[PDB]
Every structure is written in structure tokens, then in C-alpha cells.
Amino acid sequence: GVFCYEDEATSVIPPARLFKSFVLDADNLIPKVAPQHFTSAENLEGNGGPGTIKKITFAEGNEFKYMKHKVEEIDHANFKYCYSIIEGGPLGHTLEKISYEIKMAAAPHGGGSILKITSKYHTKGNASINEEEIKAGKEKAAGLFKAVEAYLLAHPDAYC
Numbered sequence: 001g002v003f004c005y006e007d008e009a010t011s012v013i014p015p016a017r018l019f020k021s022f023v024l025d026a027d028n029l030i031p032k033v034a035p036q037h038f039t040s041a042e043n044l045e046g047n048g049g050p051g052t053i054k055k056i057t058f059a060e061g062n063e064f065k066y067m068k069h070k071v072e073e074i075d076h077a078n079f080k081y082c083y084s085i086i087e088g089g090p091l092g093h094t095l096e097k098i099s100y101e102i103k104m105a106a107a108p109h110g111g112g113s114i115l116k117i118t119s120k121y122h123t124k125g126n127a128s129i130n131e132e133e134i135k136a137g138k139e140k141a142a143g144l145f146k147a148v149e150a151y152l153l154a155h156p157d158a159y160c
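Just so we're aligned: 19 in the authors' numbering is position 19 of the sequence shown, and the numbers increase by one with no gaps anywhere.
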């Protein structure tokens, strides 16, 4: 089954900075912002736009594997980034893909942003929403939006 999760939250930053940190500099920023679950990244093969595989290096406790993060549509004009995961630790037994859709919208907050991450989980036809793996995916995605709300609260300017 595809399950469809979202975390919509409010940031100190205009969404240009919030998309440009979370998604565009995901390669170093996410692995500095939940540094316990992600260690580093590399742009594996891609044109910078969609059809790009990023390789985000990935952990539980210690470093585990490379995970492969597939860019499917970027939109800095609406501060969106849609992506996918063809291979990875979560993909590993029970999932055939995961998607993410970022949209970053305007907020009622002064100078701020609505961040969204979506994540969907395409559970292999042998497997559910892994109560183990999808409860991790939803809590680790919250990890980043909260830790980025703090880190981008301290470097609002960096991604300008």
C-alpha cells in the first residue's frame, strides 16, 4: 500500500532559504541536522533538475549504507521539491519506493514560511506500512523539520 504522510510547520525564514537549505543543500545540511541518522552525501548521477539521483549516506547508530534519493520535480519558484527513494535502508525489506513532496508556502507568520515535507511509502506487495520502518520515517522527517527550524533559526541568512 502507498501510505501518505505530511508534516506542515512554520519557519523564521522566507521559504526560498528554507527550500534551499532542506532540499537543495540536503547533501550536507540534513546530515549535519540529524547527524545521528545521515552522515554525508554525493550527487550520484543527474542534471541538477529532476531525473537526478543523489546518494545520501545513511545511519542507525553507526553508518549503515548509502541511500539513493531520486529528484522527481524541483520548484524553487513555489519552494517545492519532490523526490523519491529507489534504494535505501527503508527500501530494504518492505518498501518498493518512498516519495517525498516538499512544498514551501507563505505563512501568517512575520518574515516566515510554511515548510512542507510530504513522504509517501510504497510498501511492497509482500509488506505493509511497516509499523517499524514508517514510524521511523515519519519521526526522522520530523527530526529534520524541527532541527532545521532551530538550525535555520540560527542561520536564517545562510540560504539567502
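Just so you know, even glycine gets a beta-carbon here, dropped at the ideal spot from N, CA and C.
Whose CA, out of the options, lies closest to the CA of residue i?
i: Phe19; options: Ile129, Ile117 and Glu132; result: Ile117
i: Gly143; options: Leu95, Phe3, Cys82 and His37; result: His37
i: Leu95; options: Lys70, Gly125, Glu73 and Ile114; result: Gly125
According to the neighbour-count rule (16 or more other Cβ atoms, all chains shown, within 10 Å of its Cβ), is residue i buried or exposed?
i: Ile85; result: buried
i: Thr123; result: buried
i: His109; result: exposed
i: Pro90; result: buried
i: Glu63; result: exposed
i: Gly137; result: buried
Enumerate in chain order the residues of its own chain whose CB-to-CB distance from residue i is below 6 Å, with the five nearest sequence positions on each side excluded.
i: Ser99; result: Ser84 and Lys120
i: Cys4; result: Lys120
i: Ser21; result: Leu29, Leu152 and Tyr159
With a CB to CB cut of under 7 Å and the five nearest residues on each side skipped, what residues in its chain are close to residue i?
i: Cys160; result: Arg17
i: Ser40; result: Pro31 and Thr57
i: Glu45; result: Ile53
For residue i and residue j, what's the separation of their Cα atoms in angstroms?
i: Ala147; j: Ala127; result: 31 Å
i: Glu133; j: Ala154; result: 31 Å
i: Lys68; j: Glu87; result: 5 Å
i: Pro156; j: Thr10; result: 13 Å
i: residue 169; j: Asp75; result: In the structure as shown, the chain starts at 1 and stops at 160, and residue 169 therefore has no counterpart that could be examined.
Hey, is residue i's beta-carbon within less than 9 Å of any beta-carbon in chain D?
i: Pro35; result: Of the protein chains in the structure, only one exists, and it is not chain D.
Kindly list the residues whose CB is nearer than 8 Å to the CB of residue i, restricted to its own chain and excluding five residues on each side of it in sequence; keep chain order.
i: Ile129; result: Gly1, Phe3, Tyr121 and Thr123
i: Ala34; result: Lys140, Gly143, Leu144 and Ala147
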